[PDB]
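# Notes for the structure review
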Amino acid sequence: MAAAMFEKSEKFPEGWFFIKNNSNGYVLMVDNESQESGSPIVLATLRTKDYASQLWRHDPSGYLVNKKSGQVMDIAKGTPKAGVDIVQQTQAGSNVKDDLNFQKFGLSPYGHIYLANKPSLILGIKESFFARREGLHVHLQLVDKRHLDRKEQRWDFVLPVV
C-alpha cells in the first residue's frame, strides 16, 4: 500500500528561503496573515514587503519554521495520512525524537519535498472549485511517480535578494 525509493535525503537551503510552487509560481504562506496556531498553510504570490510570513527556515532538527509565525509546518490531524491537511503548529520540544517527529522533512536533489519518515508522502496542492490560486492550500499527497513532469509535483526554491 506504500513504497519508497527516496532513501537518500539532503538538507534544505540554509538561511532564509522561499518555497515556491512551480505550478502556481506562488510561495508558501500561512492562510492569511494568521498568527493564530492551527491555521492552514496556503500559497500566496510573493510579497514585495511583509514577506516574513513567506520566509521559512530549516532548523537543525530537520524542521521548517516560519520566520514570522515562528511556528512549524505540521499535520492538522497530527496523524500522517494521505490527503491530510498541513497547518502551522507549535514547535516540538526536546522530548520528541527528531526521528519520531513528523515535522521532520526530507529534501531530494530533484527538489521534491517529502517526509523523512514517510517518503511516500510529499507536499502538494489541490485545485479549488473556483480554481482560486490565491489560497491554494498545501496538503500531503502521495508521490505520483507516474507523472513527475507535473509542475505541481515540482517545487522551486528561491533565496532572498536575487
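Here the structure is shown first, and the text comes after it.
Figured I'd write up the structure that's included with this text.

As a further point, take the overall build of the chain. Tallying secondary structure elements over the chain gives 0 helices and 12 strands in all. Its C-alpha radius of gyration of 15 Å places the chain within 12% of the 15 Å reference for a compact globule of 162 residues. Counting only C-alpha atoms, the chain reaches 40 × 40 × 30 Å along its principal axes. Taken across its 162 residues, the chain has 38% of its residues classed as buried. Here the contacts in the chain between residues at least 6 apart in sequence split such that 54% fall between residues at least 24 apart. Counting 21 positive and 18 negative side-chain charges, the chain places the centres of these two groups 3 Å from one another.

Right, let's talk about the sheet that holds strand β3 (residues 41-44) for a bit. The strands making up a sheet associate through hydrogen bonds between their backbones, and the pairing can be parallel or antiparallel. Pairing in this open sheet of 4 strands is antiparallel, and the strands run β3-β2-β1-β12 from one edge to the other. Taken across any chain shown, the strands that pair with only one partner, and hence form the sheet edges, are β3 and β12 (155-158). The mean angle between the axes of side-by-side strands here comes to 45 degrees, regardless of whether they run parallel or antiparallel. In this sheet, β12 lies alongside strand β1 (residues 18-21) in antiparallel orientation, the contact comprising 4 bridges. Looking at the pairing, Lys 20 lines up with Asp 156 of β12.

One broad trend across soluble globular proteins is that nonpolar side chains are buried collectively. By size, the foremost hydrophobic cluster in this structure holds 24 residues, and its most contacted members are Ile 19, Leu 28, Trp 56, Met 73 and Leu 140. At the level of elements, β2 (26-30), β3, β6 (72-75), β8 (105-107), β9 (113-115), β10 (121-125) and β11 (138-142) are the ones that each hand at least two residues to this core. In terms of residues, this core owes the most to one element, β10, which gives 3 residues. Apart from residues lying up to four places away in sequence, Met 73 is in contact with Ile 19, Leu 28, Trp 56, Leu 64, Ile 86, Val 87, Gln 103 and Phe 105.

Before going further, it helps to spend a moment on the environment of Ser 34. Structurally, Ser 34 is set in the loop between β2 and β3. With relative accessibility at 15%, the residue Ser 34 sits in the buried group. For the pair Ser 34 and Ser 69, spaced 35 residues apart in sequence, the C-alpha separation works out to 8.2 Å.

Evaluated as defined, the whole model comprises 2 salt bridges. The residue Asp 99 makes a salt bridge to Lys 104 at a minimum N-O spacing of 3.3 Å. In this structure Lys 104 comes out as partly exposed when scored by relative accessible area, which is 24%. Taking the shortest distance from any N to any O, the salt bridge between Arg 132 and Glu 134 comes out at 3.2 Å. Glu 134 gets classed as partly exposed once you look at its relative accessible area, which sits at 43%.

Under the defined criterion, the tally for this structure stands at 5 aromatic pairs. Taking the centre distance of 6.4 Å and the plane angle of 10 degrees together, the rings of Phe 12 and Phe 17 count as stacked. Neither residue differs from the other here; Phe 12 and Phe 17 are each classed as buried. Cluster of aromatic residues (ring-pair linked, three or more members): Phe 12, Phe 17 and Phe 157. In this arrangement the basic side chain of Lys 67 is found over the ring face of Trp 16, its NZ or CZ atom lying 5.2 Å from the centre.

Along the chain, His 139 turns up in strand β11. Given the relative accessible area of 9%, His 139 is considered buried. Among residues more than four places away in sequence, those in contact with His 139 are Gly 83, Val 84, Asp 85, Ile 86, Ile 122, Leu 123, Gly 124, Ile 125 and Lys 126.

Calculation criteria
Along every chain, residues receive numbers from 1 upward following the written sequence, which is not necessarily the numbering found in the entry; those without coordinates are excluded from display. Hydrogens and waters are ignored; side-chain quantities use all the structure's heavy atoms. We count a stretch as a helix when DSSP gives it H or I for four or more residues in a row; a strand needs E for two or more, and each element gets its number in order from the N terminus. Note that the radius of gyration is over C-alpha atoms, with the globule rule given as 2.2 Å times the number of residues to the power 0.38. Three labels apply to residues, based on accessible area from a 1.4 Å probe with only protein chains included: buried if under 20% of the type maximum, exposed if over 50%, partly exposed otherwise in between. Residue contacts are counted whenever heavy atoms from the two residues lie within 4.5 Å of one another. Counted as positive: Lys and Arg. Counted as negative: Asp and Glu. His and the chain ends are not counted at all. Taken as the charge centre is NZ of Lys, CZ of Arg, CG of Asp or CD of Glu, depending on the residue. When DSSP finds two or more bridges between two strands, those strands count as paired. A fitted line through C-alpha atoms represents every axis, and for helices the fit uses only the stretch in contact; the resulting angles, taken between N-to-C directions, go from 0 to 180 degrees. We call a set of buried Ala, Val, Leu, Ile, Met, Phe, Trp, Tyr and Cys residues a nonpolar core when their side-chain atoms join them within 4.5 Å. Any carboxyl oxygen of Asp or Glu within 4 Å of a side-chain nitrogen of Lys or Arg constitutes a salt bridge here. Here a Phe, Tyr or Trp ring, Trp counted by its six-membered ring, pairs with any other such ring whose centre lies within 6.5 Å, and the pair is stacked when the planes are under 30 degrees apart, edge-to-face when over 60, and tilted otherwise. Throughout this description, the term charge over a ring refers to an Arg CZ or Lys NZ atom that lies within 6 Å of the ring centre and within 35 degrees of the ring normal.

By themselves, these figures tell us nothing about what the structure is for.
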